[PDB]
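Data block below; observations after.
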Amino acid sequence: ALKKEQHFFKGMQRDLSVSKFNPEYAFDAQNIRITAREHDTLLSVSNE
Amino acid sequence: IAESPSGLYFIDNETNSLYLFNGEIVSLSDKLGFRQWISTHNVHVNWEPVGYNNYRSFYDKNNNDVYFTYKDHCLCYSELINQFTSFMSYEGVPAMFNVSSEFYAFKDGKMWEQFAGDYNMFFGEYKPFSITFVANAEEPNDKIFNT
Amino acid sequence: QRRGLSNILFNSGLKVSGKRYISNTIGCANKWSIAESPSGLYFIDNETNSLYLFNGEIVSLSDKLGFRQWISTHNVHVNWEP
Amino acid sequence: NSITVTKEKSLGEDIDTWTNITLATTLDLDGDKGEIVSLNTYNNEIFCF
Amino acid sequence: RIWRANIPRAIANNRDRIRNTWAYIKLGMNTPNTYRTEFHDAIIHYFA
Amino acid sequence: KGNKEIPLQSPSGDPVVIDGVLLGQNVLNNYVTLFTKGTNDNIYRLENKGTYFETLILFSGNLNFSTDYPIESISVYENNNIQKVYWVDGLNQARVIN
C-alpha cells in the first residue's frame, strides 16, 4: 500500500483521547502480562 | 489499601483517584490515565464480601503486582514497570494473599494456588485474553485500514 | 528478618537505642546468600524472587539487569546446607 | 476520632501488654475530617487514613 | 469523516477574503441542543 | 454536562421552599447546613438521599444576619449526637449549632 505503523505494548493506558493515543500502549487488555514471568517475555504480551 | 515496599496504594472515592503514598501522595490514575475508569466505577457503599461494591486491593509479594479487584473486573498494576497491565479475570474473589513463597487465592470455599494451573484456566473455567490498541498514525489524514 | 530489614541504632552514647525499619515487607529468608562488600549487601530474597543490593537503599539488581525469571524458577523454601 | 496506645511488649515473664487496654495514652485526631478509616504502617512510621 | 468549513468573508464588502498576517478563529454552537461534541483538533489552510 | 435539580422534600415528603439569599453553607459529613436570609433568618439541614434532599428547618427567627457579612463555618464530628457547626459573621458574635 502506502504507509505503515508499528505498535509496541509498554503497558495499558486509558483516559486519553483516541485522536491523541500513544501507539506504545494498549487501550484495553484482558488476561495478559507484559512483565517476564516464568519465561523471558518482558515487554512482549503474554498469557496468564 | 494495599501495603508494599513501594508505598501504600489506596483508592479515594471522594476524589475519584487511585493514589500511592510513598512519602508524598501521587495520583497513579491521573499519571497513567485512569481518571474516567474510577470515576465511572465509584460508589459510596463500603466493601463487604457478599457483594463487592468498592474496590478490594491485594498485593502479590512474589511478583510485585497489585490487584484492585471489583465485582466485575480486576485491574492489575505492576510495580516492576509502574504501569497498569490488564483487566484480570479475578473479579469477586474474597482473598488473594501470599503464603511463604507462593501466591494463593480463595474462592467458592476452596484454596486455589495461583500461577500453577494450565494457561487461560481461572478457577476451572476458561477465560479469553485480548489486547486492544488504537491505530492513529498521521491522524489528520483519512486512512483505509487494510492489514 | 524473614519479612523485614531493620537498622539497629547503636552508638549513634553507646546505649542500644531503638531500631529503625528500612523495609517492613522485604527481608532475606536464607542467611547464606548474604555477601558483604564495599558496595553494599547482596542478598537473595526467595519470598519476592529478587536479588537485592542494600547500600542505604534497597535496589533489586535482578529487576534492574533482567534476572527475574532466572531466580523465580530456581527458588526453594529449603535453607542452604553444605 | 481516637487512638489508644498500649505499652511496649515486655517479652518477659509477665502479661501480654496488648490485651491490657487502659485508655491512658489516647490520641484524638481532628473531627472535621472524618472518622479514622484505617491505620497503617510504612517504613517505621504509622500513617492514619 | 473530516469536516471542512470555508472561512467567512468580510461583512463590509461580502467579497473580500480574510487576508491578514493573523486572525482569530472561533467555532461554536448557538442553537439549542443536548449532545456531547468531542472536538479533537482543527487545521487551517491559508495561502502565504 | 448540565445540572440536574434535586427536590428539597421534608421528612414528611412535602416540598421545602428556601426563604431567600444564601449567606454560606457547611458540609459536616453528609449534612449540608445552609445559613439563608430573607423574610426571616433561617437555618437548614439537608441530607442527600437517593434522589432528594431530606430538608429540615433547624431554626427560623431573627439571628441578626446581613448580606454584607456572609458566613464562614467550621463543623466537627465528635459522635453520632454531638455534630456541631461553628460559624462567624464579620458583624455578630460567634455562634454554634448542633
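Chain identifiers are assigned as A, B, and so on, following the order in which chains appear in the C-alpha cells; residues are numbered from 1 within each chain, and ligands are numbered from 1 in order of appearance.
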
**Message:** Using only C-alpha atoms and a distance of at most 10 Å, pull out the residues of chain F that contact chain D, as number ranges by chain.
**Reply:** F: 27-29, 74-79, 83-85

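The shell of residues at most 10 Å from range 10-22 of chain E, with only C-alpha atoms counted and near chain neighbours (fewer than 2 positions) removed, consists of residues 7, 8, 24, 25, 46, 47 and 48 of chain E.
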
**Request:** Tell me, as a PyMOL selection string, which residues lie within 10 Å of residue 35 in chain C, counting only C-alpha atoms; anything in the same chain fewer than 5 positions away does not count.
**Result:** chain C and resi 40-44+53

Could you take the residues named above and write them with N, CA and C atoms, as an mmCIF file, in the first residue's frame?
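Result written to out02.cif:
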```cif
data_model
loop_
_atom_site.group_PDB
_atom_site.id
_atom_site.type_symbol
_atom_site.label_atom_id
_atom_site.label_comp_id
_atom_site.auth_asym_id
_atom_site.auth_seq_id
_atom_site.Cartn_x
_atom_site.Cartn_y
_atom_site.Cartn_z
ATOM 1 N N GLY C 40 27.941 -2.680 49.152
ATOM 2 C CA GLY C 40 26.734 -2.878 49.937
ATOM 3 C C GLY C 40 26.597 -4.329 50.369
ATOM 4 N N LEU C 41 25.342 -4.754 50.498
ATOM 5 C CA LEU C 41 24.982 -6.087 50.972
ATOM 6 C C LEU C 41 24.132 -6.763 49.905
ATOM 7 N N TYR C 42 24.692 -7.777 49.251
ATOM 8 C CA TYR C 42 23.985 -8.536 48.224
ATOM 9 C C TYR C 42 23.295 -9.721 48.886
ATOM 10 N N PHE C 43 21.965 -9.725 48.872
ATOM 11 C CA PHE C 43 21.185 -10.836 49.395
ATOM 12 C C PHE C 43 20.090 -11.204 48.406
ATOM 13 N N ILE C 44 19.686 -12.471 48.446
ATOM 14 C CA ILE C 44 18.661 -13.015 47.563
ATOM 15 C C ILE C 44 17.448 -13.354 48.414
ATOM 16 N N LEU C 53 20.301 -5.453 46.461
ATOM 17 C CA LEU C 53 21.557 -4.886 46.938
ATOM 18 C C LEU C 53 21.212 -3.707 47.827
#
```

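Of note, CA of residue 6 in chain C and CA of residue 25 in chain C are spaced 10.7 Å apart.
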
**Asked** Quick one: which residues from chain C are at most 6 Å off chain B, using only C-alpha atoms, as a PyMOL selection string?
**Response** chain C and resi 25+47-49

Output N, CA, C and O atoms for every residue in the selection just made, as a PDB file, in the first residue's frame.
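Result file again_26.pdb:
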```pdb
ATOM      1  N   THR C  25       8.429  -5.016  54.508  1.00  0.00           N
ATOM      2  CA  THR C  25       7.943  -6.108  53.677  1.00  0.00           C
ATOM      3  C   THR C  25       9.037  -6.904  52.984  1.00  0.00           C
ATOM      4  O   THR C  25       8.781  -8.049  52.597  1.00  0.00           O
ATOM      5  N   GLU C  47      11.249 -14.995  48.984  1.00  0.00           N
ATOM      6  CA  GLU C  47       9.845 -14.607  49.062  1.00  0.00           C
ATOM      7  C   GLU C  47       9.448 -13.746  47.869  1.00  0.00           C
ATOM      8  O   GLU C  47       8.393 -13.957  47.261  1.00  0.00           O
ATOM      9  N   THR C  48      10.286 -12.773  47.519  1.00  0.00           N
ATOM     10  CA  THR C  48       9.988 -11.813  46.463  1.00  0.00           C
ATOM     11  C   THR C  48      10.644 -12.150  45.130  1.00  0.00           C
ATOM     12  O   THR C  48      10.418 -11.431  44.153  1.00  0.00           O
ATOM     13  N   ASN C  49      11.445 -13.214  45.063  1.00  0.00           N
ATOM     14  CA  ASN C  49      12.052 -13.665  43.810  1.00  0.00           C
ATOM     15  C   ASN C  49      12.925 -12.573  43.194  1.00  0.00           C
ATOM     16  O   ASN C  49      12.760 -12.197  42.032  1.00  0.00           O
TER      17      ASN C  49
END
```

**Nearest candidate to chain B (options F:20, F:70, F:50, F:7; using only C-alpha atoms)** =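 Nearest to chain B: F:50.
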
**Item:** Residues of chain A within 9 Å of chain E, counting only C-alpha atoms, as number ranges by chain
**Value:** A: 17-20

**Request:** Name all residues at most 9 Å from residue 56 in chain C (count only C-alpha atoms; drop same-chain ones fewer than 2 positions away) and give them as a list in words.
**Result:** residues 22, 40, 54 and 58 of chain C

Could you write those residues out with C-alpha atoms, as a tab-separated table (two decimals), in the first residue's frame?
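This went into selection.tsv:
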```tsv
chain	number	residue	atom	x	y	z
C	22	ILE	CA	14.22	0.22	56.24
C	40	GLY	CA	26.73	-2.88	49.94
C	54	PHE	CA	21.34	-2.72	50.05
C	58	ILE	CA	17.28	-1.42	48.66
```

**Message:** as an NGL selection string, could you give me every residue of chain E near chain F (at most 12 Å apart, counting only C-alpha atoms)?
**Reply:** :E and (33-37)

Just-selected residues, N, CA and C atoms written as a tab-separated table (two decimals), in the first residue's frame:
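Written out: out-v8.tsv:
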```tsv
chain	number	residue	atom	x	y	z
E	33	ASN	N	-29.51	22.44	21.87
E	33	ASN	CA	-29.24	21.03	21.62
E	33	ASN	C	-28.61	20.45	22.88
E	34	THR	N	-28.70	19.12	23.01
E	34	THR	CA	-28.09	18.40	24.13
E	34	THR	C	-27.31	17.22	23.55
E	35	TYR	N	-26.08	17.49	23.14
E	35	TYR	CA	-25.16	16.48	22.64
E	35	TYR	C	-23.81	16.66	23.31
E	36	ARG	N	-23.05	15.58	23.38
E	36	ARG	CA	-21.64	15.66	23.73
E	36	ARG	C	-20.85	15.72	22.43
E	37	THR	N	-20.06	16.78	22.26
E	37	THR	CA	-19.39	17.09	21.00
E	37	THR	C	-17.89	17.09	21.25
```

Proximity check chain A to chain B, 7 Å, nearest pairs one decimal Å, only C-alpha atoms, as a tab-separated table:
```
residue	atom	partner	partner_atom	distance
A:5	CA	B:137	CA	6.7
A:11	CA	B:85	CA	5.3
A:12	CA	B:85	CA	5.2
A:13	CA	B:33	CA	6.1
A:14	CA	B:33	CA	5.3
A:15	CA	B:33	CA	4.8
A:16	CA	B:33	CA	6.6
A:18	CA	B:134	CA	6.8
A:19	CA	B:139	CA	6.5
A:21	CA	B:134	CA	6.6
A:23	CA	B:134	CA	6.9
A:25	CA	B:133	CA	7.0
A:26	CA	B:133	CA	4.4
A:27	CA	B:133	CA	4.8
A:28	CA	B:132	CA	4.9
A:29	CA	B:131	CA	4.2
A:30	CA	B:87	CA	4.9
A:31	CA	B:129	CA	4.9
A:32	CA	B:86	CA	5.9
A:33	CA	B:85	CA	6.2
A:34	CA	B:85	CA	6.5
A:47	CA	B:119	CA	7.0
A:48	CA	B:120	CA	6.0
```

Restricted to N, CA and C atoms, what would the selected residues look like written as a compact mmCIF listing (two decimals), in the first residue's frame?
```txt
# COMPACT_ATOMS: atom_id res chain seq x y z
N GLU A 5 2.66 1.42 10.32
CA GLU A 5 2.88 1.91 11.68
C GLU A 5 3.10 0.70 12.58
N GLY A 11 2.49 -1.05 28.24
CA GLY A 11 1.57 -1.03 29.36
C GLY A 11 0.14 -0.96 28.85
N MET A 12 -0.77 -0.62 29.75
CA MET A 12 -2.16 -0.37 29.40
C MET A 12 -2.51 1.05 29.81
N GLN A 13 -3.00 1.83 28.85
CA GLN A 13 -3.35 3.22 29.07
C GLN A 13 -4.80 3.44 28.65
N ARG A 14 -5.47 4.32 29.37
CA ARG A 14 -6.83 4.71 29.07
C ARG A 14 -6.92 6.21 29.28
N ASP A 15 -8.15 6.74 29.25
CA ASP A 15 -8.47 8.09 29.68
C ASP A 15 -8.00 9.15 28.69
N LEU A 16 -7.30 8.76 27.63
CA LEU A 16 -6.73 9.69 26.66
C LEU A 16 -7.56 9.68 25.39
N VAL A 18 -8.84 9.43 21.72
CA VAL A 18 -8.46 8.47 20.69
C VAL A 18 -7.60 9.14 19.62
N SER A 19 -7.86 10.42 19.34
CA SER A 19 -7.04 11.13 18.36
C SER A 19 -5.59 11.24 18.81
N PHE A 21 -3.98 9.17 21.18
CA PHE A 21 -3.47 7.99 21.84
C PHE A 21 -2.04 7.70 21.42
N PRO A 23 0.86 5.01 20.43
CA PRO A 23 0.96 3.62 19.94
C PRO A 23 1.71 2.68 20.87
N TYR A 25 1.23 2.07 23.95
CA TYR A 25 0.35 1.49 24.95
C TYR A 25 -0.86 0.82 24.30
N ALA A 26 -1.49 -0.06 25.06
CA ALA A 26 -2.72 -0.73 24.66
C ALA A 26 -3.90 -0.05 25.34
N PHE A 27 -4.99 0.11 24.60
CA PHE A 27 -6.15 0.79 25.17
C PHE A 27 -6.87 -0.07 26.20
N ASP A 28 -6.93 -1.38 25.99
CA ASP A 28 -7.64 -2.26 26.89
C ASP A 28 -7.13 -3.66 26.64
N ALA A 29 -6.89 -4.41 27.71
CA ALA A 29 -6.35 -5.76 27.61
C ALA A 29 -6.97 -6.63 28.68
N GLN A 30 -7.21 -7.89 28.34
CA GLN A 30 -7.80 -8.87 29.25
C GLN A 30 -6.85 -10.05 29.39
N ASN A 31 -6.52 -10.39 30.63
CA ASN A 31 -5.72 -11.58 30.94
C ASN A 31 -4.44 -11.63 30.11
N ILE A 32 -3.62 -10.60 30.26
CA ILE A 32 -2.29 -10.58 29.66
C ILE A 32 -1.29 -10.11 30.70
N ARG A 33 -0.01 -10.35 30.40
CA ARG A 33 1.07 -9.95 31.28
C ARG A 33 2.23 -9.46 30.43
N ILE A 34 2.70 -8.25 30.71
CA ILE A 34 3.76 -7.62 29.93
C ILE A 34 5.13 -7.76 30.58
N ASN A 47 0.42 -14.59 28.07
CA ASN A 47 -0.82 -15.06 28.67
C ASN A 47 -0.74 -15.00 30.19
N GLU A 48 -1.87 -15.28 30.83
CA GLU A 48 -1.97 -15.52 32.26
C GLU A 48 -2.11 -17.01 32.52
```

**Item:** 10 Å contact set for residue 26 in chain B, only C-alpha atoms, chain neighbours under 6 positions out, as a PyMOL selection string
**Value:** chain B and resi 9+17-20

**Request:** Just list the residues in chain A DSSP gives strand (DSSP E) on the backbone, as a list in words.
**Result:** residues 28, 29, 30, 32, 33, 46 and 47 of chain A

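Atom pair CA of residue 23 in chain F / CA of residue 63 in chain F has a distance of 12.6 Å (rounded to one decimal).
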
**Message:** Applying 7 Å and only C-alpha atoms, which residues near residue 26 in chain C remain after dropping the ones on its own chain fewer than 5 positions away? List them as a list in words.
**Reply:**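 Near neighbours after the sequence-gap exclusion: residues 5 of chain B; 3, 4 and 5 of chain C.
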
**Request:** Hey, list the chain A side of the contact with chain C: 7 Å cut-off, only C-alpha atoms, answer as a PyMOL selection string.
**Result:** chain A and resi 36-40

**Item:** Pairwise distance for CA of residue 45 in chain F and CA of residue 14 in chain F, rounded to one decimal in Å
**Value:** 15.2 Å

Could you give me, as CSV, every chain E residue with an atom at most 12 Å from chain B, plus its closest atom pair and distance in Å to one decimal, counting only C-alpha atoms, rows ordered by chain then number?
```
residue,atom,partner,partner_atom,distance
E:1,CA,B:142,CA,7.5
E:2,CA,B:142,CA,7.7
E:3,CA,B:140,CA,10.9
E:40,CA,B:140,CA,9.8
E:41,CA,B:140,CA,8.5
E:42,CA,B:140,CA,8.7
E:43,CA,B:140,CA,8.2
E:44,CA,B:140,CA,11.7
```

Within 10 Å of chain B, which residues of chain D show up when using only C-alpha atoms, listed as an mmCIF file with C-alpha atoms, in the first residue's frame?
```
data_model
loop_
_atom_site.group_PDB
_atom_site.id
_atom_site.type_symbol
_atom_site.label_atom_id
_atom_site.label_comp_id
_atom_site.auth_asym_id
_atom_site.auth_seq_id
_atom_site.Cartn_x
_atom_site.Cartn_y
_atom_site.Cartn_z
ATOM 1 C CA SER D 38 -7.696 2.980 58.514
ATOM 2 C CA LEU D 39 -4.370 2.816 60.326
ATOM 3 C CA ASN D 40 -1.269 1.551 58.528
ATOM 4 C CA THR D 41 2.499 1.397 58.958
ATOM 5 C CA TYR D 42 5.105 2.021 56.260
ATOM 6 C CA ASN D 43 8.876 2.169 56.829
ATOM 7 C CA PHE D 47 0.048 6.586 58.878
ATOM 8 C CA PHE D 49 -6.290 7.419 56.903
#
```

**Asked** Any idea which chain C residues end up within 9 Å of chain D if we count only C-alpha atoms, as a PyMOL selection string please?
**Response** chain C and resi 19-25
